[PDB]
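Only one structure is covered here, and it is reproduced in the block below.
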Amino acid sequence: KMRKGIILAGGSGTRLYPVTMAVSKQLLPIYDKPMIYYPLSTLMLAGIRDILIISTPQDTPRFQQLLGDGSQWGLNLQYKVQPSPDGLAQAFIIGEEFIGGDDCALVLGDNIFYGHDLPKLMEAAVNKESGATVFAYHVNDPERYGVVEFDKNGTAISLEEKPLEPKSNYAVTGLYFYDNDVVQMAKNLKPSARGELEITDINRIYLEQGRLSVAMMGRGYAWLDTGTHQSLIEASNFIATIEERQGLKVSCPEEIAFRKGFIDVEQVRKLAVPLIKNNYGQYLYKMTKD
Amino acid sequence: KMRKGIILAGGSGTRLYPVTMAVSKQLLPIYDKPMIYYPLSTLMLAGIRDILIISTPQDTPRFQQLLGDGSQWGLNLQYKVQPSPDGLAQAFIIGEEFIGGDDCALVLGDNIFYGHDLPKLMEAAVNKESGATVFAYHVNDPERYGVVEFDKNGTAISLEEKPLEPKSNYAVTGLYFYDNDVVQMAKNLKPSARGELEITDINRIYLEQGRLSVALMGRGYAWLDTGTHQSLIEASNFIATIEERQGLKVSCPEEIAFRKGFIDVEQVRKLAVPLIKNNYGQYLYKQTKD
Amino acid sequence: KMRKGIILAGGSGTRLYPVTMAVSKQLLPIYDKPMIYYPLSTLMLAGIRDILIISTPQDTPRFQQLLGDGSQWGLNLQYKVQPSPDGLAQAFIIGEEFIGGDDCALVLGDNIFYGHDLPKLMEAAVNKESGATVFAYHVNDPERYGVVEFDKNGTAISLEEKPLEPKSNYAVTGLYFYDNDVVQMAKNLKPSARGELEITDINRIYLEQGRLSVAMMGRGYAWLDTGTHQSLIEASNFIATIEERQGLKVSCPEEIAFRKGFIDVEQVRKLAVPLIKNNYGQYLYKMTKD
Amino acid sequence: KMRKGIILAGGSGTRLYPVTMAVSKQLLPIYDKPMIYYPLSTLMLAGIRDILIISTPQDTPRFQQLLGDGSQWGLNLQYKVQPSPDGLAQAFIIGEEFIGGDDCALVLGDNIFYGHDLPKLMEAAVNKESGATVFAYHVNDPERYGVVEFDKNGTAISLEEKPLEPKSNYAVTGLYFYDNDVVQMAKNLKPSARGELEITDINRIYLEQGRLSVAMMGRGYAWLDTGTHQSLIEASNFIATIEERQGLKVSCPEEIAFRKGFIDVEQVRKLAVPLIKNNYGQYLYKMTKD
Ligand SMILES: Cc1cn([C@H]2C[C@H](O)[C@@H](COP(=O)(O)OP(=O)(O)O[C@H]3O[C@H](CO)[C@@H](O)[C@H](O)[C@H]3O)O2)c(=O)[nH]c1=O
Ligand SMILES: Cc1cn([C@H]2C[C@H](O)[C@@H](COP(=O)(O)OP(=O)(O)O[C@H]3O[C@H](CO)[C@@H](O)[C@H](O)[C@H]3O)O2)c(=O)[nH]c1=O
Ligand SMILES: Cc1cn([C@H]2C[C@H](O)[C@@H](COP(=O)(O)OP(=O)(O)O[C@H]3O[C@H](CO)[C@@H](O)[C@H](O)[C@H]3O)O2)c(=O)[nH]c1=O
Ligand SMILES: Cc1cn([C@H]2C[C@H](O)[C@@H](COP(=O)(O)OP(=O)(O)O[C@H]3O[C@H](CO)[C@@H](O)[C@H](O)[C@H]3O)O2)c(=O)[nH]c1=O
Ligand SMILES: Cc1cn([C@H]2C[C@H](O)[C@@H](COP(=O)(O)OP(=O)(O)O)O2)c(=O)[nH]c1=O
Ligand SMILES: Cc1cn([C@H]2C[C@H](O)[C@@H](COP(=O)(O)OP(=O)(O)O)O2)c(=O)[nH]c1=O
Ligand SMILES: Cc1cn([C@H]2C[C@H](O)[C@@H](COP(=O)(O)OP(=O)(O)O)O2)c(=O)[nH]c1=O
Ligand SMILES: Cc1cn([C@H]2C[C@H](O)[C@@H](COP(=O)(O)OP(=O)(O)O)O2)c(=O)[nH]c1=O
């Protein structure tokens with residue numbers, strides 16, 4: 001009944017040491033919220049409310065302390081550990097029992113999107129019956145990502161993970177919608193070129209079958225880079241500038257839950273009261289005025 | 001009729017002294033281009049090629065040195081002066097002749113909009129045969145702006161200019177679309193207490209007649225503040241973050257002209273060659289290859 | 001590791017909620033390292049190698065996992081829990097055994113100091129035989145801090161904690177050096193009207209005995225604000241700007257330990273390798289060559 | 001009896017196109033003041049009041065319109081055009097008459113310096129009776145600059161302009177103090193490999209004469225980059241961070257003039273008048289009350 005999604009929020013975070021020896025990348029602040037509120041908000045905006053969060057043995061417990069079972073926000077959250085970061089595709093192997101016979105979305109715990117009409121951008125993917133959908137976004141450094149190449153008619157024709165000679169500048173982002181076939185695909189994958197069970201290898205299987213849709217995410221959207229220390233500071237600054245100008249939050253899960261009807265006002269006021277001593281709780285309380 | 005454009009780029013710039021003793025506000029850089037490129041970009045995206053720039057007596061020559069007659073970008077730019085900052089609504093008096101019998105789109109020289117489907121956002125406004133269209137955006141400090149009050153059912157019911165007690169948090173942005181009725185409305189206005197001919201008074205008349213459309217600009221759009229030194233730095237950082245991430249420029253008049261067919265590839269390369277030694281020149285040239 | 005110092009790294013983290021819901025404020029990044037590296041570097045630059053880290057019941061062990069016993073940096077680190085955030089002066093009661101009969105410096109865990117000749121600005125306070133030294137910095141908002149008032153000759157005459165009517169713009173910063181008498185003073189204190197055991201009350205005692213030295217940190221020093229989410233971004237951007245321009249790190253404990261001779265070249269190399277994927281480890285490795 | 005200095009503020013500006021198409025680079029804002037205020041403040045801080053500003057044929061008169069003869073600040077400003085940017089040493093040829101038989105300092109118009117005891121560092125160079133003083137600063141990308149090689153005992157042993165294989169990471173900044181011999185040295189210079197009259201060739205002759213002091217500007221100083229659009233934003237954010245924290249301005253000439261006694265209270269209040277309606281004028285006014 002509730003639609004399903006997985007947030008993959010593990011990984012070593014090597015590239016960010018020594019900051020991530022101290023704290024999981026997906027708990028770092030992006031301005032005024034931990035990084036994982038952002039991909040969580042994306043799933044909620046797609047209308048996905050049953051969500052499995054996968055992290056390392058050390059970090060899962062921290063996420064469980066941050067987010068709980070999710071009922072406070074009208075979600076159902078559950079959790080599993082990935083013993084080692086053996087690839088994004090292991091998400092479906094670990095989450096096979098959670099998924100059952102249902103479709104499932106996957107969002108990476110470091111993926112931040114923002115812009116106008118995000119839900120409508122996702123709508124076709126959410127309602128797809130058969131196949132898979134990913135989103136492409138023009139970047140200046142396609143060699144750091146999965147890269148999708150299109151023909152003159154705009155048909156996707158190839159996908160390559162971190163190519164030395166990228167065939168386009170379109171990166172495949174960290175949000176994926178699959179039908180139920182993904183689970184068996186993942187279970188038959190072999191560790192590839194970089195020694196990982198790769199999501200790109202799943203997507204390539206869908207592409208070879210003619211069932212991968214590639215939704216273009218235009219330049220009016222922001223897909224914020226979380227790859228380096230510098231870009232983490234840029235991401236924060238970006239959110240700060242939007243929020244302080246508007247006096248509205250970006251990816252505040254309480255607010256989304258409220259506006260989408262997952263929780264009612266009585267419940268928003270119950271969340272806000274114990275938090276009214278800080279700016280966040282004051283913002284939540286304001287919601288229930290009008 | 002056809003729709004002509006006015007960019008109002010006047011004002012003394014006192015809040016920014018001494019920076020604006022040296023350089024007009026609308027020439028200040030927002031990251032990599034002068035501030036006036038951004039509203040000049042909003043007009044082009046709306047399909048407007050015939051544009052009047054109104055500056056102060058002092059600033060006209062520098063805007064002309066920057067933009068010339070516009071022909072390099074398939075535009076036609078003209079210049080008129082505003083002797084003193086007597087109110088936005090003076091633009092229609094100053095431009096009465098350039099406007100003649102046509103519809104008008106006025107944009108303030110310091111207004112910066114960014115977001116997905118911005119041309120669509122303005123589509124209804126451009127295609128409106130009579131009346132006026134304005135844009136409302138939720139801000140944290142509505143007291144600094146024109147403010148539009150809505151009713152329980154979503155209808156604009158009052159407008160107030162920089163009110164001490166705002167009736168809502170929706171500011172009316174500095175982008176306005178009018179039919180041919182406005183020049184006469186402007187000509188019949190009397191100064192407010194503060195001694196300005198107010199654009200808010202014009203909009204109220206249209207509201208009063210049931211002829212004002214108020215299009216909501218969602219939280220997914222960015223409308224960047226340029227009122228303080230601090231917000232300028234934020235505006236620049238915000239644009240930089242986008243452009244460096246995408247490898248694409250925000251509000252590049254040459255690119256928009258080219259993508260909309262105002263100019264052709266042979267004209268783009270002609271523009272690029274003299275500039276080939278700098279980054280801006282190299283971005284132009286590449287756009288002619290792939 | 002003869003000389004001693006305490007880093008007070010706990011607190012409720014209320015104002016930063018929800019970022020500090022699952023992470024201590026003092027483990028959050030300031031650009032490319034955890035916040036606590038900064039006050040630790042500060043103590044090291046003063047020549048202090050025996051350091052007690054006090055944090056909350058939940059966070060202390062997290063600091064201990066990250067830093068261990070400090071022998072890898074030539075330091076002696078030990079840890080104590082502060083059961084509740086009942087005031088800075090509690091550091092001396094908690095740290096009573098650690099201190100013993102010795103002088104001791106206290107630095108707050110969220111204090112970031114930068115500027116030419118800081119080690120000299122301090123090295124003196126370290127050499128004072130008796131009494132206490134504090135450092136005063138001109139700020140824009142003195143009401144948020146301990147405030148030191150000076151007479152016409154420049155002699156400190158008054159200290160007040162968070163005064164509604166500040167007598168000066170000089171804030172007393174979170175770096176303090178004390179002789180052995182501070183423990184007894186702290187044991188005799190009673191909470192203030194804020195409900196906290198106040199450092200300002202200890203400083204006032206010394207002031208009245210005529211044994212308080214107030215070092216002025218001029219306008220050439222930076223004492224970075226870490227109060228709000230916004231100020232964390234500001235602090236991170238400031239450090240990033242320095243480091244990226246100079247190709248040198250600010251407050252890197254491995255570098256300071258190597259430069260002051262706490263550890264040797266071999267040791268630095270061994271530390272660098274596990275970090276060598278990014279600039280942080282490469283920077284340490286090259287200090288060994290050049 | 002006024003000491004003499006030159007601000008070299010010419011050059012193409014091509015790299016910053018289109019931001020420099022209708023605006024001189026050195027009049028662009030660095031946070032709340034035009035760029036040229038910064039080196040101007042630097043010379044003032046050195047106690048130099050008789051200053052020659054050299055720029056392009058197009059920009060020199062813009063500087064003259066902004067600053068006048070400077071006696072409002074207790075300075076004596078004069079102007080000369082550099083027909084083309086044939087090298088920094090040409091400043092001493094164009095400035096020969098202005099120089100006469102006196103010592104002369106040279107600062108680049110886009111260099112920004114900040115740090116504790118900077119005035120003392122410069123007062124030393126100004127106190128020097130014979131020879132020259134330059135300042136060395138560790139940078140990430142030494143190949144862009146004049147580069148100074150040191151002895152194992154840290155004595156400066158060679159200088160190279162933009163070496164392909166830098167011998168150290170110490171760049172020679174754009175602030176130079178010379179005795180009167182510099183004019184004859186410049187006049188004998190021949191164009192370098194870059195076809196320029198190089199300041200590094202002058203410095204090398206003082207160094208080989210044993211008359212060059214190479215003062216180290218340590219890592220607690222900021223020497224800010226102004227060569228890219230991004231470096232401009234970084235320099236603005238760095239200044240805004242210091243100023244907003246301290247409530248004190250960096251390189252405000254009016255403030256410097258007042259504090260060094262070039263002008264008095266009455267004059268300060270006169271300068272405040274045209275600025276009195278924003279924070280900058282208020283800041284000036286308050287210095288004369290507190
Ligand atoms: C390998 C691995 C990763 N992760 C987490 C860590 C990160 O927060 C997040 C992304 O992992 P990364 O190692 O950065 O993979 P990454 O280089 O970011 O690339 C992935 O993400 C990209 C989009 O960001 C795509 O363009 C690539 O095709 C996709 O492979 O997933 C796990 O939770 N488990 C893992 O085993
Ligand atoms: C009054 C005046 C302003 N300007 C320029 C200067 C600024 O770049 C910009 C706005 O200047 P302001 O001093 O805010 O103008 P002001 O009359 O007080 O306010 C207007 O500008 C605001 C912009 O959104 C609106 O929200 C208000 O509804 C509108 O009335 O337009 C002109 O070019 N000519 C002018 O006469
Ligand atoms: C009260 C308290 C504080 N702390 C830690 C948390 C932060 O690292 C640091 C600062 O805590 P604060 O609650 O910000 O105390 P604060 O309002 O900043 O004021 C203190 O620090 C200021 C300088 O930052 C001084 O000017 C004040 O005189 C001094 O009282 O101390 C603890 O670890 N335990 C505590 O009980
Ligand atoms: C050559 C030249 C430059 N300028 C202005 C343009 C720039 O704003 C500023 C510095 O110009 P650049 O062309 O970046 O400077 P460049 O000759 O490459 O390097 C100089 O400046 C560097 C410091 O920035 C030093 O490390 C070098 O040793 C010194 O030669 O001086 C002039 O006004 N006149 C000139 O002839
Ligand atoms: C096409 C184009 C858009 N824009 C800006 C205007 C809007 O803010 C935003 C619109 O992007 P978007 O609507 O997402 O792209 P698309 O129409 O290609 O699907 O980008 C430019 O700045 N330059 C351009 O060349
Ligand atoms: C509805 C909502 C959206 N968002 C974010 C998701 C998208 O990035 C963006 C959508 O804005 P937008 O589509 O422009 O809003 P609207 O429907 O009001 O016109 O805002 C939140 O952070 N919180 C919310 O409650
Ligand atoms: C020596 C050193 C100093 N610092 C900091 C302390 C001060 O805030 C700033 C300047 O210290 P400073 O001692 O004056 O400069 P220098 O070492 O070049 O002589 O640098 C570090 O962050 N790391 C270090 O390795
Ligand atoms: C006194 C003063 C200094 N400065 C700058 C020059 C140096 O970069 C920095 C520090 O100067 P410095 O004299 O060392 O600090 P202070 O007088 O407070 O001890 O401040 C100004 O910009 N304006 C001023 O009025």
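Starting from 1 in every chain, residues are counted up; chains themselves are A, B, ... following the order of the structure tokens, and ligands are numbered from 1 as listed.
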6 Å shell around ligand 6 using only C-alpha atoms and all ligand atoms, listed as a list in words = residues 114, 115, 116, 117, 118, 249, 250, 251, 252, 255, 256 and 259 of chain A; 218, 219, 220 and 221 of chain B
Restrict the selected residues to C-alpha atoms and save them as a PDB file, in the first residue's frame.
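Just written: part_37.pdb:
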ATOM      1  CA  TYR A 114      16.041  21.566  -5.538  1.00  0.00           C
ATOM      2  CA  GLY A 115      13.835  23.427  -7.940  1.00  0.00           C
ATOM      3  CA  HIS A 116      10.366  24.228  -9.237  1.00  0.00           C
ATOM      4  CA  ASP A 117       8.001  21.316  -9.982  1.00  0.00           C
ATOM      5  CA  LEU A 118      10.244  18.572  -8.624  1.00  0.00           C
ATOM      6  CA  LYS A 249      12.753  25.854   4.477  1.00  0.00           C
ATOM      7  CA  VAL A 250      14.043  23.545   1.773  1.00  0.00           C
ATOM      8  CA  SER A 251      13.494  19.814   2.457  1.00  0.00           C
ATOM      9  CA  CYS A 252      12.075  20.126   5.958  1.00  0.00           C
ATOM     10  CA  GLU A 255       6.683  20.503   6.567  1.00  0.00           C
ATOM     11  CA  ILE A 256       6.438  18.113   3.631  1.00  0.00           C
ATOM     12  CA  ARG A 259       1.564  19.809   3.357  1.00  0.00           C
TER      13      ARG A 259
ATOM     14  CA  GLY B 218       6.886  29.141  -6.111  1.00  0.00           C
ATOM     15  CA  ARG B 219       9.555  28.392  -3.568  1.00  0.00           C
ATOM     16  CA  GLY B 220      11.390  26.436  -6.275  1.00  0.00           C
ATOM     17  CA  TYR B 221      12.239  29.744  -7.987  1.00  0.00           C
TER      18      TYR B 221
END
Selection as a PyMOL selection string: residues within 6 Å of ligand 1 by only C-alpha atoms and all ligand atoms = chain A and resi 8-11+55+85-88+108-110+145-146+161+171-174+199-200
List the neighbours of residue 33 (chain A) out to 8 Å using only C-alpha atoms; skip same-chain residues closer than 5 positions along the sequence, and give me the result as a PyMOL selection string.
-> chain C and resi 17-19
Using C-alpha atoms, can you export the residues from the last selection as a short mmCIF file (atom, residue, chain, number, x, y, z; two decimals), in the first residue's frame?
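Everything below was put into again-v6.cif:
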data_model
loop_
_atom_site.label_atom_id
_atom_site.label_comp_id
_atom_site.auth_asym_id
_atom_site.auth_seq_id
_atom_site.Cartn_x
_atom_site.Cartn_y
_atom_site.Cartn_z
CA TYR C 17 19.02 21.51 16.18
CA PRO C 18 18.52 19.24 14.25
CA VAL C 19 22.16 19.17 13.06
#
Could you name the residues that touch region 160-171 of chain B at 12 Å or less, counting only C-alpha atoms, but leaving out those on the same chain fewer than 6 positions away, as number ranges by chain?
-> A: 245-248, 290; B: 134-151, 192-194, 196-204, 207, 214-219, 223
For the selection you just gave me, I'd like the residues written to a file as a short mmCIF file (atom, residue, chain, number, x, y, z; two decimals), in the first residue's frame, keeping N, CA and C atoms.
data_model
loop_
_atom_site.label_atom_id
_atom_site.label_comp_id
_atom_site.auth_asym_id
_atom_site.auth_seq_id
_atom_site.Cartn_x
_atom_site.Cartn_y
_atom_site.Cartn_z
N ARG A 245 16.20 34.17 2.25
CA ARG A 245 15.46 35.13 1.39
C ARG A 245 13.93 34.93 1.52
N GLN A 246 13.50 33.66 1.43
CA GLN A 246 12.08 33.30 1.43
C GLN A 246 11.45 33.25 2.83
N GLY A 247 12.26 32.87 3.82
CA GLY A 247 11.70 32.61 5.15
C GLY A 247 10.91 31.30 5.08
N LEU A 248 11.35 30.38 4.23
CA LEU A 248 10.77 29.07 4.06
C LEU A 248 11.93 28.07 4.03
N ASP A 290 -1.11 30.08 10.04
CA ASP A 290 -1.51 30.56 8.72
C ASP A 290 -1.29 32.06 8.59
N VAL B 134 1.34 40.44 -12.65
CA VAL B 134 2.43 40.63 -11.71
C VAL B 134 2.75 39.30 -11.09
N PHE B 135 3.89 39.26 -10.41
CA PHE B 135 4.41 38.02 -9.86
C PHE B 135 4.60 38.20 -8.37
N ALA B 136 4.12 37.22 -7.62
CA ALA B 136 4.15 37.28 -6.17
C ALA B 136 5.15 36.25 -5.65
N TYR B 137 5.93 36.61 -4.64
CA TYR B 137 6.93 35.62 -4.18
C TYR B 137 7.00 35.78 -2.68
N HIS B 138 7.03 34.65 -2.02
CA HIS B 138 7.06 34.64 -0.56
C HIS B 138 8.45 35.08 -0.07
N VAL B 139 8.49 36.07 0.81
CA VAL B 139 9.79 36.54 1.34
C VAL B 139 9.74 36.63 2.84
N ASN B 140 10.90 36.77 3.49
CA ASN B 140 10.91 36.88 4.95
C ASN B 140 10.61 38.31 5.46
N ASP B 141 10.78 39.30 4.57
CA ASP B 141 10.67 40.70 4.95
C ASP B 141 9.75 41.52 4.01
N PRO B 142 8.48 41.19 4.04
CA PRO B 142 7.51 41.77 3.11
C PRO B 142 7.39 43.25 3.29
N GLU B 143 7.78 43.76 4.46
CA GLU B 143 7.71 45.20 4.69
C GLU B 143 8.66 45.99 3.79
N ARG B 144 9.65 45.35 3.20
CA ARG B 144 10.52 46.10 2.28
C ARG B 144 9.96 46.27 0.84
N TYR B 145 8.83 45.65 0.55
CA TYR B 145 8.32 45.57 -0.82
C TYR B 145 6.88 46.00 -1.01
N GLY B 146 6.43 46.02 -2.27
CA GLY B 146 4.99 45.97 -2.50
C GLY B 146 4.50 44.60 -2.07
N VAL B 147 3.34 44.55 -1.39
CA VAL B 147 2.81 43.34 -0.82
C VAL B 147 1.39 43.10 -1.30
N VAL B 148 1.09 41.87 -1.68
CA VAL B 148 -0.23 41.53 -2.19
C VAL B 148 -0.87 40.57 -1.21
N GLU B 149 -2.08 40.92 -0.79
CA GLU B 149 -2.85 40.14 0.17
C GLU B 149 -3.82 39.26 -0.56
N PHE B 150 -3.89 38.02 -0.13
CA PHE B 150 -4.77 37.07 -0.77
C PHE B 150 -5.94 36.70 0.13
N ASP B 151 -6.97 36.12 -0.46
CA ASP B 151 -8.14 35.81 0.34
C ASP B 151 -8.21 34.33 0.60
N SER B 192 2.83 59.99 -4.09
CA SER B 192 2.46 59.53 -2.77
C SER B 192 3.02 60.53 -1.76
N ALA B 193 2.86 60.20 -0.49
CA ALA B 193 3.37 61.04 0.58
C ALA B 193 4.88 61.18 0.43
N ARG B 194 5.53 60.05 0.14
CA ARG B 194 6.98 60.07 -0.02
C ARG B 194 7.40 60.75 -1.31
N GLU B 196 6.70 59.88 -4.60
CA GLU B 196 6.98 59.05 -5.78
C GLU B 196 5.72 58.69 -6.53
N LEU B 197 5.85 58.50 -7.84
CA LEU B 197 4.78 57.96 -8.66
C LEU B 197 4.89 56.43 -8.51
N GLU B 198 3.94 55.81 -7.82
CA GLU B 198 4.09 54.41 -7.35
C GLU B 198 3.57 53.38 -8.36
N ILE B 199 4.36 52.33 -8.63
CA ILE B 199 3.90 51.24 -9.49
C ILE B 199 2.79 50.50 -8.74
N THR B 200 2.84 50.54 -7.42
CA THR B 200 1.78 49.88 -6.66
C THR B 200 0.40 50.51 -6.92
N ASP B 201 0.39 51.80 -7.20
CA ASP B 201 -0.87 52.52 -7.46
C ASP B 201 -1.43 52.10 -8.80
N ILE B 202 -0.55 51.96 -9.78
CA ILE B 202 -0.97 51.42 -11.05
C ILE B 202 -1.55 50.03 -10.91
N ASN B 203 -0.87 49.15 -10.16
CA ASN B 203 -1.38 47.80 -10.03
C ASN B 203 -2.72 47.77 -9.28
N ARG B 204 -2.92 48.71 -8.38
CA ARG B 204 -4.14 48.69 -7.58
C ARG B 204 -5.33 49.02 -8.49
N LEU B 207 -6.22 46.00 -10.27
CA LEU B 207 -6.84 45.07 -9.31
C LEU B 207 -8.31 45.54 -9.23
N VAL B 214 -2.27 37.76 -10.85
CA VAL B 214 -1.16 37.68 -9.90
C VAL B 214 -0.65 36.24 -9.94
N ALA B 215 0.45 36.02 -10.65
CA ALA B 215 1.01 34.69 -10.86
C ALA B 215 1.94 34.34 -9.71
N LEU B 216 1.76 33.15 -9.16
CA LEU B 216 2.54 32.81 -8.00
C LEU B 216 3.86 32.24 -8.45
N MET B 217 4.92 32.79 -7.89
CA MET B 217 6.25 32.29 -8.16
C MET B 217 6.59 31.42 -6.96
N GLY B 218 6.60 30.10 -7.17
CA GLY B 218 6.89 29.14 -6.11
C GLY B 218 8.24 29.16 -5.40
N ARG B 219 8.34 28.38 -4.34
CA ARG B 219 9.55 28.39 -3.57
C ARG B 219 10.71 27.75 -4.35
N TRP B 223 14.56 34.36 -6.44
CA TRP B 223 14.49 35.74 -6.83
C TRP B 223 15.55 36.40 -5.91
#
Show me, as a Markdown table, the residues of chain B having an atom within 6 Å of ligand 2, each with the closest atom pair and its distance in Å, using only C-alpha atoms and all ligand atoms.
| residue | atom | partner | partner_atom_place_in_ligand_line | distance |
| --- | --- | --- | --- | --- |
| B:8 | CA | ligand 2 | 33 (O) | 4.5 |
| B:9 | CA | ligand 2 | 33 (O) | 4.5 |
| B:10 | CA | ligand 2 | 33 (O) | 3.2 |
| B:11 | CA | ligand 2 | 6 (C) | 4.2 |
| B:85 | CA | ligand 2 | 36 (O) | 3.2 |
| B:86 | CA | ligand 2 | 36 (O) | 4.2 |
| B:87 | CA | ligand 2 | 36 (O) | 3.5 |
| B:88 | CA | ligand 2 | 36 (O) | 4.7 |
| B:108 | CA | ligand 2 | 31 (O) | 5.5 |
| B:109 | CA | ligand 2 | 8 (O) | 5.9 |
| B:110 | CA | ligand 2 | 8 (O) | 5.2 |
| B:145 | CA | ligand 2 | 26 (O) | 3.6 |
| B:146 | CA | ligand 2 | 28 (O) | 3.4 |
| B:161 | CA | ligand 2 | 28 (O) | 5.6 |
| B:172 | CA | ligand 2 | 26 (O) | 5.5 |
| B:173 | CA | ligand 2 | 24 (O) | 4.6 |
| B:174 | CA | ligand 2 | 24 (O) | 4.3 |
| B:198 | CA | ligand 2 | 30 (O) | 5.6 |
| B:199 | CA | ligand 2 | 30 (O) | 5.4 |
| B:200 | CA | ligand 2 | 28 (O) | 5.6 |
Step by step, measure atom-to-atom distances between ligand 5 and each residue using only C-alpha atoms and all ligand atoms, keep those at most 10 Å, then write them as a PyMOL selection string.
-> (chain A and resi 115-116+216-222) or (chain B and resi 38+41-42+44-45+112-121+221-223+243+248-260)
